[PDB]
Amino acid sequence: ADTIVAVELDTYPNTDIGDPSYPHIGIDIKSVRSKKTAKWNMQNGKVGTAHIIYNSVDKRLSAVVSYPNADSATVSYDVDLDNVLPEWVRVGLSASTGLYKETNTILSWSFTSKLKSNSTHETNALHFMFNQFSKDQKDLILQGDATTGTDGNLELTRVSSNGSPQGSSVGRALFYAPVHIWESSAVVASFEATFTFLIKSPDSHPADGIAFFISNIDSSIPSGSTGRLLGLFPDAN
């Protein structure tokens, strides 16, 4: 049903569905079994920053995740998104918890998309930047358990009043306007997404992760995509 391209910050190793034995960042092209992963030294309670970049000339989706004072983790995958996605897509953030949990807090999110045509000076562009989320964020489509406004942050999954993360939670936030990522006259199409997050768990084993994703405009959370499926995929195939 949905077409999903995502960059996951997977906190919990589900080795039975192909995760490596550690937190990792991965690039998912229509399956939760990442096409490429990289070890991520996830820091519980620390604010991290993820940068995702791509352009149609190189056809390489790359992501860099870093924590202050720490070395970054980066993952890249050669993929032509014109062959995977529709030309009009929606971009968003997704997160889930299952039996194990963590807060999936987003403190800021910026995205820039550019479609440059072969006509001189013809660039179409979309850019949004959120450094504060209000309770009435009308330009975001919140799905599942995602809420905004709490300390001006976006909480992708359920957090009880006392700051505790809840299990079996799934939430997604998508920018309201469709994003144009391909057009017949485009000579170069590119996008850049950056978001800072705070994954905090009272447990030694947080789960399940946050994912930046791009999908068909009408994408909705697949039934049963809590836990390991990151609110992105209906099954683990």
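By rigid core we mean the largest C-alpha set that fits within 1.5 Å across both forms. The numbering used is simple: start at 1 and walk along the sequence shown.
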Quick note, superposing on core in 9 other deposited structures of this protein and taking C-alpha RMS, the more shifted stretch of 38-46 and 182-190 is 182-190
Give, as the answer, the stretch of 173-181 and 200-208 that departs more from the shown form in 9 other deposited structures of this protein; the measure is RMS Cα distance after a core fit.
200-208
Between 121-129 and 139-147 (mean CA B-factor, as deposited), the higher:
121-129
Going by the entry, of stretches 48-56 and 195-203 the one with greater average Cα B-factor is 195-203
Name the residue from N153, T103, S72, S161 with the greatest C-alpha temperature factor listed in the entry.
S161
For the listed residues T226, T11, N216, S21, which one has the largest C-alpha B-factor as given in the deposited model?
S21
Would you please rank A236 by its C-alpha temperature factor against the other modelled residues of its chain and give the third it falls in: lowest, middle or highest?
highest
Is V5 in the lowest, middle or highest third of its chain when residues are ranked by C-alpha B-factor?
middle
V170: CA B-factor among chain residues, third -> highest
Where does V65 sit by CA temperature factor within its chain: lowest, middle or highest third?
highest
Third assignment of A189 from its chain's C-alpha B-factors
middle
